[PDB]
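J.: Show me how the following folds:
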Amino acid sequence: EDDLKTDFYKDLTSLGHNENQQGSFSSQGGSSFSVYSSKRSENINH
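T.: Numbers count the residues shown, from 1 in each chain. Have a look at this structure:
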């Protein structure tokens with residue numbers, strides 16, 4: 001008798017995740033007052 005049995009199993013899995021994100025919020029305001037005087041201004045960046 002000569003009986004030879006063999007198995008080879010290989011599994012490979014690979015995964016990739018890559019994310020690049022930006023968000024900008026920009027608000028500006030100015031008001032001017034006349035006759036008295038005033039000036040008022042606002043600038044935000046989020």
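J.: those strands in the protein, which residues are they?
T.: Applying DSSP state E to the chain gives strands spanning 26-33, 38-45.
J.: want to throw those strands into CSV with distance to residue 3 and mean neighbour count?
T.: (C-beta placed from N, C-alpha, C; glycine too.) Shown next, in CSV, are these (distance: least, C-beta to C-beta, whole Å; neighbours: other C-beta atoms under 10 Å):
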stretch, distance to residue 3, mean neighbour count
strand 26-33, 78, 9
strand 38-45, 77, 9
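J.: which residues touch residue 31?
T.: 38-41 (C-beta atoms under 8 Å, 6 or more residues apart in numbering).
J.: give me that answer again for 10 Å
T.: Applying C-beta atoms under 10 Å, 6 or more residues apart in numbering, we find residue 31 in contact with 38-42.
J.: Next: residue 26.
T.: 43-46.
J.: rewinding a little: export the strands of the chain to CSV and tack on distance to residue 6?
T.: As requested, those are exported to CSV (distance: least, C-beta to C-beta, whole Å):
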stretch, distance to residue 6
strand 26-33, 68
strand 38-45, 67
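J.: separation between the spatially most central residue of the chain and residue 15?
T.: Central residue of the chain (C-alpha atoms, centre = their mean): residue 21, 2.1 Å from the mean position. Applying C-beta to C-beta, to the nearest Å, the value for residue 21 to residue 15 is 20 Å.
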